[PDB]
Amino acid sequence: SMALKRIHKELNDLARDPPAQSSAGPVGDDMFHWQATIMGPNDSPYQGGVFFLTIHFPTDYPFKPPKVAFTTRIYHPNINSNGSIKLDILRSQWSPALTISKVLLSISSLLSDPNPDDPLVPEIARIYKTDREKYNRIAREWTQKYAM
């Protein structure tokens, strides 16, 4: 399995050089299902929050993107209440040269810099675009409530 070779390689690279901002690995015996955390970025309203993600590598990874979803509730225009993430590299802009590490980095950038013009959750996108402070407040409150 290319997927498994690659998932293992990525895992080994993570163990060799762990990131600061994230952690990830397989759930028990399941190499295709990972849990991950990402830190709410500093200077975002998610700061201080630890956000848990569930990652499912498809069996034709890396030719198809990993499914990545938040399990921690988060208030964000590109992440809905099921934790689906609307992030181009997880859908149409996937490349097999991307790695879970890069995905987590893009997710972290997505937290820092939402894409409210391509939202998953229009209500939040709208608030983000017209009342950033409210968005910041709510996202902070949700961070405090769910991710801390």
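Numbering starts at 1 and runs along the sequence shown.
Between 31-39 and 112-120, the higher mean Cα B-factor belongs to 112-120. When the CA B factors of the chain's modelled residues are split into thirds, the value for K67 lands in the lowest one. The entry lists a Cα temperature factor for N12 that places it in the middle third of the chain's modelled residues. Ranked against the other modelled residues of its chain, the C-alpha B-factor of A125 as given in the entry falls in the middle third. Compared with the other modelled residues of the chain, the Cα B-factor recorded for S84 ranks in the lowest third.
Among the modelled residues of its chain, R91 has a C-alpha B-factor that falls in the highest third according to the deposited record.
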